[PDB]
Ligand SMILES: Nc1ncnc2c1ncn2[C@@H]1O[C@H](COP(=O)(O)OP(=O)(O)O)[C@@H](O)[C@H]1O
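Okay, so here's just one chain, in structure tokens, the form deposited without this ligand.
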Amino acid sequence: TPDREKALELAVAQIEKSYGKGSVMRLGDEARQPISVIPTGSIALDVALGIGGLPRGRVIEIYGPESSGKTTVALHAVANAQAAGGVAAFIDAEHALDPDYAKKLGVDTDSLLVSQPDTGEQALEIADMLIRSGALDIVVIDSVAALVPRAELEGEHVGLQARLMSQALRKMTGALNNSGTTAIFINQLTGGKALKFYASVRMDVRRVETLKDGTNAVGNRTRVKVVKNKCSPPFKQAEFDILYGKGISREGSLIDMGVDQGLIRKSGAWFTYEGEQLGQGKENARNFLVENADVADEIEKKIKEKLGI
């Protein structure tokens, strides 16, 4: 205990010095809070990430099944970066983006830079040129699986796409650090053998259950596990709602995280906050908070205050 803690503090410090902050952590540690982060669209996921959003100047990976919600998470990251006066790019080898959807989340599609590259090499090269500029706050790559190598597209051995990512990330990681630009790589469940080690954050995104709006499907309850996190204790998880053509119910995560923290009391079906009532049932409480932005923002302030940030 007494002479033990000294040697361990020493061991942690030289590790932290030799390989960087976050190279070792106790899981119960408080997160080291940066100046700015890119919020994810859900306070719950912002909390699970420790630092209140995605880190800047880092490689992020977001993976999961088709239509699992990972792209949605990415688009919110894009919206928030923009909302803070940032510029966004979207490298697209998938050709699946829906801008109407993007718009409804908050994305400023008109000023969103987009590139539909001919090859994997070109995709990553273009992304690099954008990053070296210094003008970018965020760049999304959709997707890892779709980054097909020139040689393969030209019909010419196997394992080359992996070699491609490894090379690309080596160069790119130093650029992102200098820039303060975050790179989100979307990935399916595939060339990310390199991405797994370069990424400062990895998120596993999945559908838990289909949200009911009477008889029709209004959305999906989404679950994200932060399986890797160099910026705060890893393995934390969060749930939030993604609603059809609307996105992540910000207000849903406020309530959920509200009752979690005891800032929102729950006497029966009635959600209460600070003496007043928000609504009977989740949807009324949710609806109340979109109609009343002021209180929703007040609840959001209180959660951030009561936690790291």
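Residue numbers here begin at 1 and follow the sequence given. Shifts are known only where both forms have a C-alpha. We call the rigid core whatever largest set of C-alpha positions still superposes within 1.5 Å between the two forms.
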Q) In the deposited sequence, how many residues between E209 and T210 have no modelled coordinates (none, 1 to 3, 4 to 9, 10 or more)? A) none
Q.
According to the entry, how many residues of the deposited sequence fall between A217 and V218 and are not modelled? Options: none, 1 to 3, 4 to 9, 10 or more.
A. none
Q. With respect to the recorded C-alpha B factors, which stretch has the higher mean value, 63 to 71 or 252 to 260?
A. 252 to 260
Q. Mean CA B-factor: is it higher for 72 to 80 or for 171 to 179?
A. 171 to 179
(Q) Comparing recorded Cα B-factors across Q237, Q161, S115, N229, which one is largest? (A) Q161
Q | Out of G41, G245, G281, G28, residue topping the C-alpha B-factor column of the entry | A | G281
Q. When the modelled residues of the chain are sorted by Cα temperature factor, does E152 land in the lowest, middle or highest third?
A. middle
Q: Taking the chain's C-alpha temperature factors as the reference, tell me which third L105 falls into: lowest, middle or highest.
A: middle
Q) Once the chain's modelled residues are ordered by C-alpha B factor and cut into thirds, is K225 in the lowest, middle or highest one? A) lowest
Q. By the record's CA B-factor, is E274 among the lowest, middle or highest third of residues in the chain?
A. highest
Q: Name the third of the chain's ranked CA B-factors that contains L195, choosing lowest, middle or highest.
A: middle
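Not pictured, yet referred to below: the form deposited with this ligand bound.
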Q: Just one of 22 to 30, 238 to 246, 253 to 261, 280 to 288 has residues with a heavy atom within 4.5 Å of this ligand in the deposited complex, so point it out.
A: 238 to 246
Q | Option touching this ligand, based on a heavy atom within 4.5 Å in the deposited complex, out of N220, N80, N229, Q161 | A | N220
Q | Contact test, all of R58, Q167 and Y198, partner this ligand in the deposited complex, heavy atom 4.5 Å | A | no
Q) Is there a heavy atom of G268 no more than 4.5 Å from a heavy atom of this ligand in the deposited complex? A) no
Q. Does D98 make contact with this ligand in the deposited complex, using a 4.5 Å heavy atom cut-off?
A. yes
**Q.** 4.5 Å heavy atom contact, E274 and this ligand in the deposited complex
**A.** no
Q) Looking at the partner-bound form in the deposited complex, is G69 within 4.5 Å of this ligand by any heavy atom? A) yes
Q) Along 139 to 157, which positions have a non-hydrogen atom within 4.5 Å of this ligand in the deposited complex? A) none
(Q) I need the moving stretches between the shown form and the other one: superpose on the rigid core, then report runs of 3+ consecutive residues where each CA shifts by 2 Å or more, in sequence order. (A) 213 to 215
